[PDB]
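1. Following this: a sequence and the matching experimental structure.
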Amino acid sequence: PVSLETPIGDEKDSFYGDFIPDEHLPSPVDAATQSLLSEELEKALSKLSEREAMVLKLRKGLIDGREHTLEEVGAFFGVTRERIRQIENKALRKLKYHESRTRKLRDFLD
Amino acid sequence: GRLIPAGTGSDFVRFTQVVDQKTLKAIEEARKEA
Amino acid sequence: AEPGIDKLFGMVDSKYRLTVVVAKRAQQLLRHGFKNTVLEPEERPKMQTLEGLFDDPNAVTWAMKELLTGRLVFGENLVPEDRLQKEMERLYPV
Amino acid sequence: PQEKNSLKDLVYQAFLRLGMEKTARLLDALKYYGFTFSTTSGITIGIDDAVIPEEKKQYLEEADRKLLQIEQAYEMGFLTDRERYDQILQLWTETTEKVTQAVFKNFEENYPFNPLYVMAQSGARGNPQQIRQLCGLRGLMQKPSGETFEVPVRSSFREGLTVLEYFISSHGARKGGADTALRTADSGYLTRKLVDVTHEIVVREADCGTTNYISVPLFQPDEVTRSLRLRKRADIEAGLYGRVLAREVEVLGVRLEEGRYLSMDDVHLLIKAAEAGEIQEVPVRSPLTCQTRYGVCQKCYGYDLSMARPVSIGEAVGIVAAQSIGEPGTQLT
Amino acid sequence: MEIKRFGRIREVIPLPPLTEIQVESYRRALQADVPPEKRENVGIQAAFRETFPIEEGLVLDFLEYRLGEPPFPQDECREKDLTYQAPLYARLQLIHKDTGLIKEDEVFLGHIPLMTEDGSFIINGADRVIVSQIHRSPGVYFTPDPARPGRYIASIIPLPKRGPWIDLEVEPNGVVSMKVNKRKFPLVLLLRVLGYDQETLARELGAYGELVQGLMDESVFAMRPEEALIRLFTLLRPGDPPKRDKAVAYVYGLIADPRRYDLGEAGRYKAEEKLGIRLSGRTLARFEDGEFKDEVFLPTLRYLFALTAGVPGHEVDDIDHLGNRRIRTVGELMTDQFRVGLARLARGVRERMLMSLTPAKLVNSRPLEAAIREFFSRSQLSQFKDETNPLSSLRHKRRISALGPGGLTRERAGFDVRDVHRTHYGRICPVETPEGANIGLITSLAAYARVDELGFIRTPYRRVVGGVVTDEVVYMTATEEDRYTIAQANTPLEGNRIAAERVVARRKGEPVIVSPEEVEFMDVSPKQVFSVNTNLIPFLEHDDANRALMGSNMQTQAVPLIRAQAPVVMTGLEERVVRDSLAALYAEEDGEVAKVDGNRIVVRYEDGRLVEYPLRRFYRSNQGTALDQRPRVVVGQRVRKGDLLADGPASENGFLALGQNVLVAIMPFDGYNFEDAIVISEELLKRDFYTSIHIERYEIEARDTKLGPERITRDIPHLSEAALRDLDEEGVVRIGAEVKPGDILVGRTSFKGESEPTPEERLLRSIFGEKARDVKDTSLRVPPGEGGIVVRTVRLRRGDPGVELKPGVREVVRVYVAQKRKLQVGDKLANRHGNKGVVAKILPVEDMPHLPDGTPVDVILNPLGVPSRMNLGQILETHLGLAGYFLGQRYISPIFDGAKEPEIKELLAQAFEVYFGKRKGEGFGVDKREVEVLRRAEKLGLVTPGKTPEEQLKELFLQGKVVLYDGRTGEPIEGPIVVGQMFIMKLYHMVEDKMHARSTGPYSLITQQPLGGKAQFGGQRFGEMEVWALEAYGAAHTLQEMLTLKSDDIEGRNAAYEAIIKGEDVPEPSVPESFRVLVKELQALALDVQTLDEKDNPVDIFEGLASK
Amino acid sequence: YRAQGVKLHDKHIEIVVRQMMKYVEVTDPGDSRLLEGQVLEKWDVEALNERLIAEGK
Amino acid sequence: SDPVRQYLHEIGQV
Amino acid sequence: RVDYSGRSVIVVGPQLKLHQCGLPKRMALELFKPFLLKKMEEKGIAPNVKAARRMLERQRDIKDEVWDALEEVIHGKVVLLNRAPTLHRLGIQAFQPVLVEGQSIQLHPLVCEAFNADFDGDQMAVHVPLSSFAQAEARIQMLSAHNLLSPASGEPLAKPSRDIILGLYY
DNA sequence: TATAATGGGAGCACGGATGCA
DNA sequence: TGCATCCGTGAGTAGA
Ligand SMILES: NC(=O)c1ccc[n+]([C@@H]2O[C@H](COP(=O)([O-])OP(=O)(O)OC[C@H]3O[C@@H](n4cnc5c(N)ncnc54)[C@H](O)[C@@H]3OP(=O)(O)OC[C@H]3O[C@@H](n4ccc(N)nc4=O)[C@H](O)[C@@H]3O)[C@@H](O)[C@H]2O)c1
Ligand SMILES: [Mg+2]
Ligand SMILES: [Mg+2]
Ligand SMILES: [Zn+2]
């Protein structure tokens, strides 16, 4: 490796490290984007029923961070795993419909 | 990175409040309520 | 020069106090969507677009013009902060 | 005729009387008409606009005459080497002055609308020295060691320098450049020092209620120490203007109350009073005497000099001081 | 058109080859054109002879070296980012004296960089110039002791890094003290080591009263030279065991060993000449027959004593005399680094000798290659070459730096070395120096000056014998020049004889009036006092030095123009510059032009051989100015030897063309020319004056990574055919394509990092049923404000012929983008007199001030720029330009010898006839407007009352003033205006390059603060002084924003951005990151920093993250 | 400054000069805890001194 | 002052 | 170093009012960019913020709607101009930007003396005050037309000079 | 892991605060 | 008490 303190200018005013960007911390734009994405997903999940939106939220990990299995979400709502699978299917279907009309979430696909 | 104690950051001028007469009387009658 | 700046300075013991008043008032206008303004319809700050005259979006232009009218009361310890904010939220929700 | 000083005074008076919105308007009008007329006025520079006064030749010839009277007096032993060199320097200094006066008198009498003359007189551009070098002689040049050459530069930039003259000039040019270069750093360092020592000083309160004050002398002992003379106007202004009176001052029938901020007019009045022998010194509130902790007070500081009105509490007067002192720093020779 | 040249002075000799200071120096260092046995002990030959033989295999010796041919030509070297260099081999014989063994082999020492034809190097693809270095000549000097007036210091100075400075002083106590390596000690002791006895010193130094008594010490003469040697060694080296052979070795290395201690050949000569002695070698003493024998010390101490005693013929030394300061050219510098690398290679040799051995086994050339590579790449004196125009390169090569390794540091240089010394005359230009912090530290070699074999700068003079000026020209150093009365070059001559009974001359720089009987020498020319640049300023005698400096320097900043012209008024150096700068192309022998193409010219010479000269076409210089040669001859044309085949960049028919000749009016215009700003006519754009070509080079790498290969591809995730439109099949933009900011130059995809999607990503991917790709778009795009036409694309791939990249790199693409830049607002213009300014207004032709015949002016310069600046050369240039504008001719008006007013007036009169008479014959009389203006001029004293209108207009014209109508109105400008032709250059500072803004962007790693500079998309520095300005206004919130929201408060800038795009008010700022950094760095220093609340409780600004 | 034609108000210089005088040196501790030759701010020693005058110390 | 010299000395004491 | 800042070459502004400065469009688009995004969303110009930014990324995707929008964004707002070295407080001053074509910042004549600015190739830096508070400070306290007198001597700092004096004298 | 080897090598200038004559 | 020593300091922004 090379030293971050390697001089740049001819006078000693300047370090090489100083021309090196930080790629780790999210830019203000990045942060803003994930914010708008959480808010837009939340806007789109309110056009569902509380149960089907909760099913998608528990299935994709938006709730506790973990993505639950169909048997677990079906055990949570007290229904059959096939039933919760179908509630999931119609939820996702309604989301695709509202998306098709509103155009709102498309831009976030990069 | 604090707000300096001079100009608009002075303890002399910085706590100054603005309120319009409508909101002012609206509060004034509410504190005259109790 | 900001219109009426001399009178504006006339109003306060310290110019920095003028600045604070104007800034806070503009925060209020911004928060309440201007619905709380002390300006009459014909006193409203205007901006000329392509289409036509629209309300001036600049809240500080507004706040200053308001301050010029006399309709605003400024000072220290006029009213508890939470109470002011709540009475304003009641009077002009948003 | 309106020149730099008259216009500056107009702006100041208009500030005092009409306020800053109006003065900004006046400034823009002055700007506009000034530019407009300067376009059509026919101001230009040809080589013939640098006018060599005939007198120069005479003044030169005469110099060469006295230049002999010194030389001879060296050979005969009446003059040392030092006294001779010093007499030559004095001669050429007085000659340089002579041809300057010649240049400007010639302009004023025969060519009052000459571009160089107008530019210099108005304050638009140029000072007498630069005009002299253009028209009269460049004058004396300095050696690298700093001591002056015996031979002046007789040429003007109009006439053009000899390569030897030119080379002689370059020493001074370079010493001047290196001096500027090395001075800006010392000025910078000084400024940062002053800022660091003064930064916490802010106007924190309207009055510290001190009874103490400083007395601004309106007179100074002369270098002859023969008598006391009135200080220069600007010195008095710089010590007085915008200050709060520490005590009531009664002069010329006018009563200046205690607590009064001295206007420029109040100051002029006091000066005229001192001229009439009614007062030799003015009691005044000062940061020197202020009892405010961590800064000064409004009364002790006086005017915010930028607004021509009492300073607003909260103003950082320390930084303003350090900057006000530091800024001219590169101009000190 | 016709060229009239003024001036009486005839130059007896032409200007010396202008780059010879580089060319000859390096030619001499390498000695490549000499057969190995015929080489002298100068140069890298000196290096080898000094390093070898290597003793204690047993002995390794050096026979000869050789330089091979360059493996690649120059253009190829620039293409592939290689170094233009030749292989270096050395024949070495390893000898064993015990074994009687001899093994002889030619070893490869690596490569050495070659200078090109023009005096520059190509180092890793970029052109570099090695700048010469002025310094104190080695030798023996005597300066006054600043502390004790009446006492002196003798100083013995060798070459840089050639051993210790030694000081001989006479101490207050009376004993003479020698100072070496910051250790004082009685000189007597060393004198005893040298074999001196008390009687010998009493003999020699006795002549000078009481001093030698201070030199006299009993105990010292008591002990033998051996004992005094060991005593001295114990004085110099405390703690080192006082063994005698150890002491001998050390003191030998210090004062004797030629491989350790070296005076220059310059230092040798100087010591000899000052002390009036003869030096056997280049060292202070010798080792002969087992003992030390003196050379320098006694003569030195002698001179010191004699000086102290006030003995005649002994004087102090001016250290700023150009006899005591010498130039170290490229050859000397490179040879010095060669000497270093070779000494290291030799340490490696000796080290390897102690462990079946040949030379190739004993020798590692890595340290040598490293010393050379380090000198050329990373030295301060090795400068990225200034090729903006050809003159800039020429000037670069002729630079003299007081800076660099083995020289002064900035701020450690007082007025002394920055000064113009009297001895600079004809040697170093008194004018051309940088303004600002480097003033006087960087200078330029004078036009006629030469650096001699000893490194001293010499200027030519003409021998004058008995008032007769011969054509014999002697080149003198400053010390030699100090002997003579030298007449000025403009001294009147009838034929070869001095025609004046009083002549202006110089004796030791002092101006003096003498007789032709007293004149020993005479100046060759005034040209010799100034640099090459300063010599291109007409009427320079009428320009104040400070502005002349600016014009002089700004000429090297001129951009080559597509329509470029030579000045209407030239000094006469314009052709020699183009010739020596190797810009243009010339015919080698007499001949006939066979073929002419845009790309190539083919010429058949007398001999009959058919020679093909290829032309460099739209090549990008270091500075991005376009360098290209254009054919100046047509098929079948008969050419002589030296005739011009092709014009280079910024050349018009082989004359230096740095700019344009425009018609100027000097007059204020509506504030648009306020404070040095300039108003120009739109017509200038219409005819493409001031239009310049610039080429930018963009580069991108695809390298092997751990997550996959990066690759150049047209297939870029989530991009429209709109976006990929101009991309070729491989992903690289096609030649000819116009690119604008945001456009793709080269497509590249990189494998995505190690990541798991956040729940939002998962849900989103579910909603759209689009699988997230393995790669992301890393494509090189045109940066903000850049772009143009793509004129070239180079591609280099791994696995391809003759191609090898840095380890890990699969492929490198370089795209070239050319732009034609019209003159625009903010671009910088300047004349040769140091009048400079930016274009603030471009007026339509109908608004320009115009002559009565309808001709509009091009440029309006403000007269207010003249009087305080005192540069009138531009005024005279303008008058001469008016005259030459109507006569259709150009002039050569050399410096200090050139067109005076009366001749300018003659030309102006002739011009007036053309200007006016044409109109009078066309059936037009004077205009009512002209009558009004004439009335005004009459009142101004410009014209004589009573004369006709035509006569008065002529009277104005002879003053270079014309009636000028206002384009806006048609009313005349109330007074008459100076209008004429001026030569104005467009400089390298273009607002296109400097305009930059940033909203948010990259942040620094540690500080979390915005990066710097346009290229990094950086933020402006708001530093201590600006903060002070905000404090002084008492704007607390603006300040707090600068300190937090707008820089390193992470939460704050994030929140601020989000809130601004939502239309919310900006949030209250929080703790700036650099403060947390300060706290943690202070914790690292074992100091506990604690932010507290008003109750003196700890406040956590780290929000729990750092506390267990 | 006057020599160079720079008009500058006295009070700016007076503020800095005031800072130059900010400190004092103890020539006797009296009843305080302070040491002879100790340097400190004039304000602090004035406060202390009036506290000790209030105590009768 | 110079650690190598010092260590050399100490070494030389045995 | 700070965000929301730029720099360019200054050029004389004779037409300008004392409180105004010429600011290039290309610069202003970047300096006020987030505001321009919000405004582009309020108007029809983009579905949302991200589309607006993407549309600003490529220079050929930019249309006059965004220019008029940017005009609406800066209305009433000021920017700070700064020239180094900043010797006294007047080395930073506040101006209302007038958007101009071309890449040079246009500076008012009467402020040159205070900035020690001239047209020989000087450059200035621009800063956007973000908050209503920063804008209040900027417009009331720092605005060019509000500081006419030297805090140092009390004499007019912004005053006729050069060509202005020349013409009035003439 | 065993012949014996035993001490390095390069390298301006001013003020202020303190230590030493 | 005064001479000598060690230590710290020497403008900004750009840019590279
Ligand atoms: N310097 C190189 O190594 C180099 C490499 C490659 C090519 N070139 C060419 O030479 C020109 C650059 O010359 P230099 O930079 O070496 O020297 P110079 O001062 O004469 O440069 C001319 C302009 O560059 C600007 N500059 C330089 N240093 C600057 C600093 N520290 N701050 C701001 N600007 C700086 C500047 O614009 C110069 O123009 P002027 O000298 O006429 O001054 C214009 C105004 O700028 C301000 N200013 C200047 C200088 C300093 N120190 N501070 C300032 O504030 C003032 O307001 C001034 O009125 C290139 O063109 C290239 O061809 C060199
Ligand atoms: Mg400038
Ligand atoms: Mg200027
Ligand atoms: Zn007070």
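-> That came through, no problem. Numbers count the residues shown, from 1 in each chain, chains lettered A, B, ... in the order given. Ligands and ions are numbered 1, 2, ... in the order given.
2. can stretch E:413-424 be found next to DNA strand I?
-> Yes. Stretch E:413-424 is in contact with DNA strand I by C-beta under 7 Å from any atom of the strand, via E:414, E:416. Heads up, the C-betas are built off the backbone N, CA and C, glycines and all.
3. which one's the longest helix in chain A?
-> Determined from DSSP state H, the single longest helix within chain A is helix A:81-102.
4. Same check on chain C?
-> Chain C, longest helix under DSSP H: helix C:15-31.
5. Over in the stretch 651-800 of chain E, which residue gets nearest chain C? Let me know.
-> Nearest residue of the stretch 651-800 of chain E to chain C (C-beta to the nearest C-beta) works out as residue E:671 at 20.2 Å.
6. so how far is residue H:160 from that residue?
-> 12 Å (C-beta to C-beta, to the nearest Å).
7. for residue E:430, same thing?
-> In terms of C-beta to C-beta, residue E:430 sits 39 Å off from residue H:160.
8. got the contact list for residue D:52?
-> Contact analysis of residue D:52 by C-beta atoms under 8 Å, 6 or more residues apart in numbering or on different chains lists D:135, D:136, D:156, D:158, D:159.
9. Most neighbours among the residues you listed, which one is it?
-> Counting by other C-beta atoms under 10 Å in any protein chain shown, residue D:136 has the largest number of neighbours within the contacts of residue D:52, with 32 neighbours.
10. distance of the nearest residue to that residue once chain neighbours are set aside from residue D:89?
-> Counting by C-beta to C-beta, 6 or more residues apart in numbering or on different chains, residue D:99 is the residue found nearest to residue D:136 once chain neighbours are left out, at 3.6 Å. Computed as C-beta to C-beta, the residue D:99 to residue D:89 distance reads 16 Å.
11. and these two? which has more neighbours close in?
-> Using other C-beta under 10 Å, the more surrounded residue of residue D:99 and residue D:89 is residue D:99, with 25 against 16.
12. Locate that one within the secondary structure: which element?
-> helix D:81-110 (DSSP states H and E).
13. How far off centre is that helix?
-> In terms of C-alpha atoms, centre = their mean, to the nearest Å, the centre of helix D:81-110 is set 22 Å apart from its chain centre.
14. In that helix, which residues are buried?
-> D:84-85, D:87-89, D:91-92, D:95-96, D:98-104, D:106-107 (16 or more other C-beta atoms under 10 Å in any protein chain shown).
15. Could you name the helices and strands sitting against that helix?
-> With contacts taken as 3 or more C-beta pairs under 8 Å, 6 or more residues apart in numbering or on different chains; DSSP states H and E, helix D:81-110 sits against helix D:55-75, helix D:115-122, helix D:128-135.
16. Let me have those helices in TSV, extended by distance to ligand 2.
-> Shown next, in TSV, are the helices and strands packed on helix D:81-110 (distance: least, C-beta to the ion, whole Å):
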stretch	distance to ligand 2
helix D:55-75	35
helix D:115-122	20
helix D:128-135	19
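17. Would you check how far apart residue E:467 and chain B are?
-> 79 Å (C-beta to the nearest C-beta, to the nearest Å).
18. my guess is that residue contacts residue E:517, does it?
-> Yes. Under the criterion of C-beta atoms under 8 Å, residue E:467 makes contact with residue E:517 at 6.2 Å.
19. More neighbours: which of those two?
-> residue E:467 (19 against 11).
20. Neighbours of the closest residue to the more buried one other than its chain neighbours, how many?
-> Counting by C-beta to C-beta, 6+ apart, residue E:516 is the residue found nearest to residue E:467 once chain neighbours are left out, at 3.3 Å. For residue E:516, the count of nearby residues is 19 (other C-beta under 10 Å).
21. Okay, buried residues for stretch E:789-798 please.
-> Within stretch E:789-798, the residues that count as buried by 16+ other C-beta under 10 Å are E:790, E:791, E:793, E:795, E:796.
22. give me every residue that touches the residue of chain G found nearest ligand 1.
-> Going by C-beta to the nearest ligand atom, ligand 1 is nearest to residue G:2 of chain G, at 40.2 Å. Neighbour list for residue G:2: empty [criterion: C-beta under 8 Å, 6+ apart].
23. Just give me the neighbour total for residue 6.
-> As the question left the chain open, I've gone with chain A. Residue A:6 has 10 neighbouring residues, counting by other C-beta under 10 Å.
24. you looked at the wrong chain, it should be chain C
-> Using other C-beta under 10 Å, residue C:6 has 16 neighbouring residues.
25. can you confirm it is in a helix?
-> Yes. Residue C:6: assigned to a helix according to DSSP: H, G, I helix; E, B strand; the rest coil.
26. Surely it touches residue D:19?
-> Yes. Judged on C-beta under 8 Å, residue C:6 makes contact with residue D:19 at a distance of 3.9 Å.
27. After the host helix or strand of residue E:396, which helix or strand is next?
-> Here residue E:396 sits within helix E:390-397, counting by DSSP H and E. Next in sequence after helix E:390-397, counting helices and strands by DSSP H and E, comes strand E:399-401.
28. I would like the residues contacting that following strand, please.
-> Under the contact criterion C-beta under 8 Å, 6+ apart, strand E:399-401 has outside partners E:129, E:131-134, E:327, E:381, E:407, E:428, E:441-445.
29. Excluding chain neighbours, what is closest to residue E:518?
-> Leaving out its chain neighbours, the residue that sits closest to residue E:518 by C-beta to C-beta, 6+ apart is residue E:485, at 5.3 Å.
30. thinking again about what came up before, nearest to chain A, of the contacts of strand E:399-401?
-> residue E:381 (10.4 Å).
31. so what's the closest one up against?
-> Residues in contact with residue E:381 (C-beta under 8 Å, 6+ apart) are E:130, E:131, E:133, E:333, E:401, E:403, E:404, E:405.
32. which residues of chain H fall in strands?
-> Counting by DSSP state E, chain H has strands at residues H:5-12, H:20-24, H:79-82, H:92-100, H:105-107, H:123-127.
33. what's around residue A:40, how many residues?
-> Residue A:40 has 18 nearby residues by other C-beta under 10 Å.
34. name the element it belongs to?
-> With DSSP H and E as the criterion, residue A:40 is inside helix A:28-45.
35. so what's whatever residue of chain B ends up closest to chain E up against?
-> Minimum separation of chain B from chain E (C-beta to the nearest C-beta) falls at residue B:7, amounting to 2.0 Å. Contact partners of residue B:7, counting by C-beta under 8 Å, 6+ apart, are C:16, C:19, D:314, D:315, D:316, E:1031, E:1033, E:1034, E:1035, E:1036, H:137, H:141.
36. Now the last one: closest residue in space that isn't a chain neighbour?
-> Pointing back at residue H:141 there. The shortest distance from residue H:141 to any non-neighbouring residue, by C-beta to C-beta, 6+ apart, is to residue E:1033 (5.0 Å).
37. does residue 10 sit in a helix, a strand or a coil?
-> Going with chain A. coil.
38. returning to what we had before: which residues do residue E:671 and residue H:160 both contact?
-> residue D:31.
39. Name the SS class of residue D:216, please.
-> Per three-state DSSP, residue D:216 ends up strand.
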